[PDB]
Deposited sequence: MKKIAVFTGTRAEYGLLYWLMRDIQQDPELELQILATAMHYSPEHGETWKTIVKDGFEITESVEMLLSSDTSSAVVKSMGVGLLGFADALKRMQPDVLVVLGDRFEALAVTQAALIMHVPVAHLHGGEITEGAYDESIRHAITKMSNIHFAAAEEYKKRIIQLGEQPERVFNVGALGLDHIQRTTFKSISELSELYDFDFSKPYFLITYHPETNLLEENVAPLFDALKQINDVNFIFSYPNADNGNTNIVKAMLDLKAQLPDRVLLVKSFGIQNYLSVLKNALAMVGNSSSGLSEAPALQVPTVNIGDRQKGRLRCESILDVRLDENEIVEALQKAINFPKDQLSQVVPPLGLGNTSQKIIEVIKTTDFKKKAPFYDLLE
């Protein structure tokens, strides 16, 4: 009975890890532990740890750590509190394996805590290329302190190889989140249209434009005016998150809903099942969400990628890359109406297979390229 502890710090990342947690919980050979921390205990986001409990899981250890502040100094302090909690948490849990996904600073903290305390780390989504002040550097740092690696694609795996990891410790298992695509029973057009009292049979664009944190120059107009110049198609939207530019986007939306209440639908939180059901019958996922570069291509729905929020990500034919001016965009919406590396969506079982069949208690020797 191997103890596999899954680390989770945010609602979205937990949504990525959901099916792996479910599979471990279902498997009688593997005991699932959970270490929930960071934004799961922020009132800002509604204490999303309760969601973990409502989906049927038991939080083994909880570490509140986030300071109530927007300074970087307070992020360092939050990381210190995180380390102090993770010391006793891992001390009590004694996991056989710790699962860490992504590149957030709390994941770096728990990764180094596991390194010092000899808890082998399985890192998910290593070797990728993103944007930000430091998210990528942190991602590679987490890679170097992890014992086994589950990359979402072959080039990510090979960049992990270049990072010094031995090839027998890196596995291309696809993107874990896409398991939802494989395991969702989708809602029909009828069901979506009666649950939201809005007709989905008429063609619709689905959009999630999240605030570009560094792009302070967030003129919101260049796209939605471009949605007024394209007719015949409805606009269904869900709401952005909590960054710097949240309101200036949200009202850009709501006035293009006040202007045409008979072409626009506003959904606060979709839920992964209804979200994928809405995206499934779309002519385009447009915006800068990561769903545009994974879930939309896996559903054979084209995506028109606006801005550089998703720069560095694997591109595919369904991706149509554009900026935030009006011209170049509409050719891309039409270019959606006129017509994969990340895998199919069985990532959880591949990960479990590797964990059951591979010894990785020790960090393998550094791998030098000839």
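*Asks:* Missing C-alpha stretches, by deposited numbering?
*Replies:* Missing from the model are residues 340 to 348, 380.
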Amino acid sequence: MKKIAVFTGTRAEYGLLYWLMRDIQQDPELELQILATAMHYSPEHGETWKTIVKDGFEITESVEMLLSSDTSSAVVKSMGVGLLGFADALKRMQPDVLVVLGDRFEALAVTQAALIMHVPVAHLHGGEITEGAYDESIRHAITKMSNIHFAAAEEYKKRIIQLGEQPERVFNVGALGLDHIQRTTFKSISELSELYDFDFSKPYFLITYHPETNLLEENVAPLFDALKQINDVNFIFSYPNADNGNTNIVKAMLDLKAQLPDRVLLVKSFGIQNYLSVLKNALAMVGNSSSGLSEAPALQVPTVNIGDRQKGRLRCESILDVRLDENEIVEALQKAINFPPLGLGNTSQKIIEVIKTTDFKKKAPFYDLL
From here on, numbers count along this sequence of modelled residues.
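*Asks:* Return whichever of 189 to 197 and 101 to 109 has the greater mean Cα B factor according to the PDB record.
*Replies:* Comparing 189 to 197 with 101 to 109, the higher average CA B-factor belongs to 189 to 197.
*Asks:* Per the entry, where is the mean C-alpha temperature factor higher: 142 to 150 or 259 to 267?
*Replies:* Averaging CA B-factors over each stretch, the winner is 259 to 267.
*Asks:* Looking at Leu370, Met1, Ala364, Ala5, which one carries the largest C-alpha B-factor according to the PDB entry?
*Replies:* Max CA B-factor in the entry, restricted to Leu370, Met1, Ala364, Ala5: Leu370.
*Asks:* Checking the record values for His45, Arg323, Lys50, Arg313, which has the greatest CA B factor?
*Replies:* Of the options given, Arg323 has the highest CA B-factor in the PDB entry.
*Asks:* Taking only the Cα B-factors deposited for this chain, tell me whether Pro211 sits in the lowest, middle or highest third.
*Replies:* Within its chain, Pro211 is a highest-third residue by C-alpha B-factor, going by the deposited values.
*Asks:* Could you tell me which third, lowest, middle or highest, the C-alpha B-factor of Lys158 occupies within its chain?
*Replies:* For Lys158, the deposited C-alpha B-factor lands in the middle third.
*Asks:* Using the temperature factors of the C-alpha atoms in this entry, rank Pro240 within its chain: lowest, middle or highest third.
*Replies:* Highest third, going by the recorded CA B-factors of the chain.
*Asks:* Please rank the C-alpha B-factors of the chain's modelled residues and tell me whether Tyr41 sits in the lowest, middle or highest third.
*Replies:* Lowest third.
*Asks:* Quick check on the deposited entry: does the C-alpha B-factor of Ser318 sit in the lowest, middle or highest third of its chain?
*Replies:* Highest third.
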